[PDB]
């Protein structure tokens, strides 16, 4: 049988922007993302689906129903985030004792007096409502991982349209150290007010996707959608500093563990002679970032420095895994291959013959074992599988996907990796950014009209796993690939 450690917890992850809106009074118009998906030109260009967040699941108002269902499903841990924009919707006076021309931000002064003054600008209603949501979460015995940032930035810090047009004279988001500075303070502020409810903290969610899709993969429809290798590096550099500064800010107010959540992929060799391509890919997509916030090894400009203000700023690693990424060696570097991992046809099969989701992502459980063990053997920091799921409205593949990946986590634990939990990507369907509501990742189906929640069969399977703290014998057969004969090719 496949039983998990006694302290191991099964739960779910969720994002504010993707799930909060939907109920009357929940509208939040002050984020770059909100403006971004409402933009006429982005819609016309098809960069965004046309669906609007205002028509979401309504977690902001129906959180009790969400939590109650999670409880009935036997979940014991949850990771959510606070929307910076709801806390500080209005512009903060330009901070002094700060030079924006300075490339590095080695420290941000945070003390009670600063927090007290910052508190005067905060939206108490939003702050109080969050406390209510989290109190309900905790009163139900659920372990709580508080994440500080999940993509949207308050508009007074980033006007995505301005930047998309090539105008860099306004709020430029992660392109400005002003954002780094304010994020550190913001993180400290939240921890200062919610520490009594939080068990573990996370500074941000998938920072690599933010800078990657925002400035390079512009067809993905992510803000500011300005194509530039150089600005992408600047964004990633600043987000790395932001993390470190946020880590110190939180630690000034709390003793709780502080980690980060990253977007992962299992790099697989097309051929047995592509092993070196894998390592290269792992360095460019994984190691460089973590060696920076753990080893303090970073590269600003064209020199390989080691910043002490960055070294050791991490207590745990949040692993977000969905599928693999096949690569091939090409003289100089390497290349990712279409028809595998994230680059497949929707509701079809990959070049390898494995079923793909409604999003066109290939079914590849083993990849999760690879990533977990890889992270463990390199840094030996404990971790949580903070995200794992599948866009599958019909629920044809989710049962197999759920059981298979949970099994891989079990396998990684037996190899010695310290994995303390598994959080399925979402309890209920939500807003899939540029893709809209059509991509449904929930264990619970959402009727966007009534906002009513339904239990997909896989949620009943998950209840068995959470409830028994193991993959029971009766559902072991689901640790396999969804049969492709009955599915679309």
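Positions refer to the first chain, counted from 1.
Higher mean CA temperature factor between 450 to 458 and 23 to 31: 23 to 31, per the PDB entry. Stretches compared: 95 to 103, 161 to 169. Higher mean C-alpha B-factor in the entry: 95 to 103.
Among 279, 395, 362, 358, the highest C-alpha B-factor in the deposited entry belongs to 279.
The residue among 223, 338, 389, 318 whose C-alpha atom has the highest B-factor in the PDB entry is 338. Per-chain ranking of the deposited C-alpha B factor places residue 5 in the highest third. Compared with the other modelled residues of the chain, the Cα B-factor recorded for residue 323 ranks in the lowest third. Per the deposited record, the Cα B-factor of residue 149 falls in the lowest third when ranked against the other modelled residues of its chain.
Placement of the Cα temperature factor of residue 123 within the chain: highest third of the modelled residues, per the deposited record. Looking at the C-alpha B-factors along this chain, the one for residue 405 belongs to the lowest third.
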